[PDB]
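These notes concern the structure reproduced below.
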Amino acid sequence: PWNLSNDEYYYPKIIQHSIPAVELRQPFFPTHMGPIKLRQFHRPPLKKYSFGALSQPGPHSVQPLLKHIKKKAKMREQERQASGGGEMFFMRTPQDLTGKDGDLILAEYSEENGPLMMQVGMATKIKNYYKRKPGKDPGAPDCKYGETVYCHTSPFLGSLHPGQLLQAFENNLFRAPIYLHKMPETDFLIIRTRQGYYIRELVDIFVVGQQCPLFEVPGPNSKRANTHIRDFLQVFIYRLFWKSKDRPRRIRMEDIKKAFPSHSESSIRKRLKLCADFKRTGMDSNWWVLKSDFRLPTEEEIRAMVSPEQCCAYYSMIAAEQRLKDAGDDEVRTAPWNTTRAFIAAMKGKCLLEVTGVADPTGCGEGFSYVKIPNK
Amino acid sequence: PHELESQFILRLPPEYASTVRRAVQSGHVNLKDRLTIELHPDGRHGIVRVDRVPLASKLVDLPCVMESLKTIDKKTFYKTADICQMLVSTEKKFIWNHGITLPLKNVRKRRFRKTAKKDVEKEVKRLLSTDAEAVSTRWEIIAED
Amino acid sequence: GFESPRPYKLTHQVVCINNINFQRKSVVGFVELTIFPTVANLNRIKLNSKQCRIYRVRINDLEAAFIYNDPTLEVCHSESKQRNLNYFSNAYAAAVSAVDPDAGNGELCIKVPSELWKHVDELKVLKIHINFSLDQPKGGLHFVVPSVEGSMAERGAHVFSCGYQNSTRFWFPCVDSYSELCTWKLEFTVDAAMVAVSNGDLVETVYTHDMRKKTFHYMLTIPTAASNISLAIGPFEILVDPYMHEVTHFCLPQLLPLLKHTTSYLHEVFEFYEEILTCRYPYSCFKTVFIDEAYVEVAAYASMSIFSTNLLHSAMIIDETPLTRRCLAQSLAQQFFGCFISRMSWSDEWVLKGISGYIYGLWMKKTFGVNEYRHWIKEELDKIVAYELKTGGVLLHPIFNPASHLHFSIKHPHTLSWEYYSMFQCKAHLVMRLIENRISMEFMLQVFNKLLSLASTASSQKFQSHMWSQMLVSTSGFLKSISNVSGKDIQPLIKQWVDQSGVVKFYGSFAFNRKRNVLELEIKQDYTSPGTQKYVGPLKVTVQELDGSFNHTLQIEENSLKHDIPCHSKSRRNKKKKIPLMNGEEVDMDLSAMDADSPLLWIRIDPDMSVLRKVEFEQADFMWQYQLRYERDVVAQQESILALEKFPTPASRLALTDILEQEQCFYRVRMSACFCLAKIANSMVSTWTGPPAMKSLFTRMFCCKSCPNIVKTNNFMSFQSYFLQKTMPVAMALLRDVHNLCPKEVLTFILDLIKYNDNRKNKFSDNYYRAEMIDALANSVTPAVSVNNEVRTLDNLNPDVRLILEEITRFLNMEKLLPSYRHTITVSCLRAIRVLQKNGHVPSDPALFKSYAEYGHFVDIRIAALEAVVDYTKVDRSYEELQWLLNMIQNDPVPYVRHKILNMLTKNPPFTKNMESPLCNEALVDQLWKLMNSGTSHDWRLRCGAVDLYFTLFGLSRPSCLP
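In order, the protein sequences belong to chains A, G and B.
Numbering (the deposited numbering) for the first sequence: 564 to 576, 588 to 902, 924 to 971.
Numbering (the deposited numbering) for the second sequence: 9 to 98, 127 to 154, 161 to 187.
Numbering (the deposited numbering) for the third sequence: 19 to 418, 426 to 988.
Below you can see the structure in the form of structure tokens.
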């Protein structure tokens, strides 16, 4: 007639990326980054086109896109109201991730090179942490973006004041305090493609403070690194087998050698040894056909193999490897594998961090340094 | 294949910025004829032509890194591109010291730790290339002379 | 997209019933349908009608000609000498498909008059006025007329519509499909002292000009199918719900306080189902009718539910409150997702049954706790795997035979066996739990809200189906709505667990590699059994080592056998630290039984029941004891209890005794540990040291501190030590002596529990505890030592059994003067007399049970007595008792009793196909073939039960014992 389940003795007490991001599609998640592409990591230069309308030299008209924005927003609202009116998932194609539609905000970073950084196509949430005032409080100061949550226990290193609302980017990679600023009155946003220039205005720009890392960047040739390297190659090989139209699913080796050119071919052959065999003569010659007993994994199994956040941690590791390599122990402490290990260990309560040090990304007294120091 | 889109910021003089803003928020293709952008083969020089009036432009490097973040519900935000360049209209000259927001000004001089930026290694490559034009080299740790 | 199989579209139907005669069991009425032809040259219109005598039919007030033929009255010809069951199953499927309204067909074929052909070619409305009469219906609408004198309201006579699925053709002519939605107008002219309850809202109630009868007018503006239309006419006591005011509860006279107490919880069920879904209750009223001699225990129609009165309990009745509570809850779940959103075909029934069962399981989770939810899910999964390994498999969503491994056709609901229908609903709600496991619960509730919101925007239009078919769900529409809200499609999961009809069997064994510190699992599947299929997906395994609980995902492809997973340290055996559990807590474990070289404490293959599986894991006995003691999952404690019966070591006795002593264990685990401890105690005789098992524990928990053999006076206010107290002597009576006789220390203990029982002080009744005491007395009976087939008389009775017989005589006679709540002690004493007759103690005479199986008794007494007669005619090979049972199947007033007799005679058959018996005549084959063919033609559940009985007795081929 009651509960009668002794639950207090048995049980004592989210981010959805785009379908191009969870499927690790090449443009957005690169297979190989060279040295000049690792120096320009997250700072991609303005490339000159060889073919297209902008490849011909001369003046080029920019095109306003406000009929396009409101047409796409009205179309997405029709899709949402036709599907029952709830919240929907829209980012299903690469053409959904254009800047030509939707409400864009900008997000500036305080640090030069953060320990973790999102790739194109990945999602993040805005959480407004609001500590109530002692006793009576009016309610969270309302904010245009994000959802509000009442935080008794401060997520960040410091603690919130009573009656202080702090917005923050929250995802699987990090959690970082953001601060809404209005845009300058002179700056517009030009989206250039091969066909032409397009212009939006911006009105909202956030400044992102020092990140609190939630994912540990691996070290060079570590356990996570070892796994990710061969897992990423295996996922790429499976997706090339899925893309093959020939009934005996067959791929070519120099497609994989074009994608991963730093790999020795012994490793690529090791990945192809199980699940494929080389045909030298007859039909399918110089192809790696799929074995007939091998069941090619489904889409959800391939998604469960490698996560996009592991790819971001690997990209952070190899970019920091390049920067350290170019600059000939203080710098090694500022490497993201050390700082991410230090911060995550401090969050479990293993150890403490010297908050003033050399891992400080500001170079002055502002900002923290995530390097391990004793509890006692 | 897919090529990552390349977004940059365009800064205009304030009267020309007001005319461009009014024409953008209007939304007609009349703006397309009015606003053009010609980038010179220097790579760091241009003309922006507002209403067929030429303005001189420089593509500069920004000290911080910005990221465009799109949303559909204003609760989850997806990163679309990285912005690091600005075509201000009116080398060391092509580096901007200030940031776009008001709190970030002279960021490069004051709020940036001076570990280093970059140049020295391209010169090293050139030096190694010249070195291979040698059979005998003479080098001496030197003093004031 | 829904395209009708009928060439017309039905818009509105008027059902008027006059002259409900209770003495003659007769109704008169008419039916007026408003159809729009969709194809020109409609000519014949085919409607559904059974048992109704059609007097006249007028189309647009012009006299029309009809022809009636029902091929399902006599399925095969009388002069065909076929006697195999595959012939009858194909002929019965063809006969049901020939009256199917889901095809274009129907039983009543009306011919459109000639002058209306220019009205039908350019597609204009047709109004068909049939007037009919039910003369004395067999299973159409049930007349319960008691034989007390007085007026029909003074004796308590009532009518209700009984049947399952499309059975509204049995009391008025209609289009009896779930896809023909129309609006309704229902008038019933009943006696002035009676009330007529039906679907819709009651717009008025006018008197007749003599003021001796009154007409109830109902209107249903939400477009429902004909199959969801019901009726209950009787002298009901009306009770408006004091919390929700559109909900009226109707009971039989003199049962108003029981109705007040019983239906006082229902507003919380309404609040739950309207806050997990975000739609309000779609109908404008809700009516709960409690009746006598019900068809099923709970039936749900549009805006109405019909329960039996045997669910009504008072405030002092426990062990019946959760069962009635969950019957109300599943009736409301079917109100949301069986009556508002309806089916598009007979396929896509798994969608509706799965959503109903799944949201009812969510209600059970919130109400009775997650632990009761896990126990319920595990018992349903064990039920399905037992049924699918027993016979073939249940196929949700077949494609039209698709399932030829069984003996009936799955094309229509009225050819299904009743056990298949039950397992169909069970598998549907477990597959919906699997879809929730792949796509999270909030997205699942968003799917259900989107379906309900499309249906409720559809439910307010007036266009005749231009939008009323958005109230019908299909499989493709359900999967498309899932793909709309989530972006993932479930087509591999749908292809494996819906379209394929099998469960999986896992055999696991591990080995710990000490050198490389790995755990080598070995999981092999039995995929060559008749009910099984091969699993190739991922598989979760949870390993509890000394460093904590870790989950691992294994990829089990066809050629896979050995899975090497890594193991952690053993540094919590170096220092005594607490070992962290599956939840956040940590406990002190006694690590003396653990191996020195392995850190792992237990392994669980598929802990979350994420596949439809049967696991056979080979752990060591100390791992099963650690999993019984320190696990924070009730299904793992239950499976460790189930696996400790093979290890009768005293450490397992200590483990189960520590589970029994432990409050803050879930009570249904301790109730299982009682029976496990009884089995282990029986297996380690000539080793057992002290007293019998659980006796000292019973005297420690439930008896006085100063008197060990006097039980404490009954205070049943804890509800967990009440259940444990009433289940512990029942398991304690299964103790056996080395001589295979129950010890006289446990029998004396049970008799002292019976004598010193005092219930004058608790606020709850004692009927279930005393009934379990009779069950414990029946468990102690060992077979008697008859010498030379000596006649069992009173003098050569066992000295043990004379005390038992005196106690059950006292209990049954005291029940004759002071009755229990549902005659629970009568049922227990009849069961115990059958236990004493099954051994050689009481003479094997069925006359007592034949007197308790008469019509005027309570239905629980009737089914207990008929179970005893079925067991007697199995053991004594009685011909006249089998003819008695078959006669009672043919002509009994209560159809639930007929279905139960066929069910019990299928479960405990008098002979199987392998047996040579004296009861395998050509006469019995002819009787059972006549019972399948004719005789059971009026119920659709007796005919499937007769098909099941013929399959159990004679098999799928020609009866062998025949010329």
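By construction, the Cβ of each residue, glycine as well, lies at the ideal position given by its N, Cα and C atoms.
Under a three-way DSSP split, which group does residue i fall into?
i       : result
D209(B) : strand
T937(B) : coil
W132(G) : coil
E182(G) : coil
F85(G)  : strand
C345(B) : helix
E315(B) : coil
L870(A) : coil
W493(B) : helix
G181(B) : coil
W565(A) : coil
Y86(B)  : strand
From the beta carbon of residue i, is the nearest beta carbon of chain A less than 8 Å away?
i       : result
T98(G)  : no
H10(G)  : yes
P605(B) : no
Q525(B) : no
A64(G)  : no
Measuring only between beta-carbons, confirm whether residue i sits less than 8 Å from chain D.
i       : result
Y704(A) : No chain D appears in this structure, whose protein chains are A, G and B.
Between residue i and chain G, is the shortest Cβ-Cβ distance under 8 Å, so that the two count as touching?
i       : result
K967(A) : no
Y719(A) : yes
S592(A) : yes
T605(A) : no
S964(A) : no
Between which residues of its own chain and residue i is the CB-CB distance below 7 Å, once the five residues before and five after are set aside?
i       : result
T27(G)  : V58 and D59
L518(B) : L459, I460 and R463
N804(B) : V755, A758 and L759
Return the chain-ordered list of same chain residues with a C-beta closer than 8 Å to the C-beta of residue i, the five sequence neighbours on each side being excluded.
i              : result
residue 420(B) : You won't find residue 420(B) in this model, because chain B goes from 418 right to 426.
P943(B)        : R902 and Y904
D925(A)        : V953
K401(B)        : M448 and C451
Round the Cβ separation of residue i and residue j to the nearest angstrom and send it over; I've been treating them as touching at under 8 Å.
i       : j       : result
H160(B) : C180(B) : 5 Å
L598(A) : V880(A) : 6 Å
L277(B) : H267(B) : 6 Å
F150(B) : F190(B) : 7 Å
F358(B) : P300(B) : 5 Å
Against chain B, does residue i count as a neighbour if the rule is that its beta carbon must be under 8 Å from one of theirs?
i       : result
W862(A) : no
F663(A) : yes
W565(A) : yes
Under 6 Å Cβ to Cβ from residue i, same chain only, skipping five residues before and after it: list those, please.
i       : result
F325(B) : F308 and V316
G533(B) : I548, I630 and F642
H588(B) : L546 and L579
(message) I want to know whether the stretch 765 to 773 of chain A touches the stretch 725 to 738 of chain A - three or more CB-CB distances under 8 Å.
(response) no
(message) Measuring CB atoms only, is the stretch 73 to 88 of chain B touching the stretch 952 to 959 of chain B, in the sense that at least three cross pairs come out at less than 8 Å?
(response) No: the two stretches stay apart, fewer than three of their Cβ pairs being nearer than 8 Å.
(request) Please confirm if the stretch 330 to 349 of chain B is in contact with the stretch 169 to 178 of chain B, defined as three or more CB-CB distances below 8 Å between the two stretches. (result) No, the stretch 330 to 349 of chain B is not in contact with the stretch 169 to 178 of chain B.
(request) Specify whether the stretch 575 to 591 of chain B and the stretch 661 to 668 of chain B touch according to this definition: at least 3 beta carbon pairs, one from each stretch, less than 8 Å apart. (result) Segments in contact, no.
(message) Closer than 8 Å is the cut-off here; do at least three beta carbon pairs connect the stretch 221 to 233 of chain B with the stretch 198 to 213 of chain B?
(response) yes
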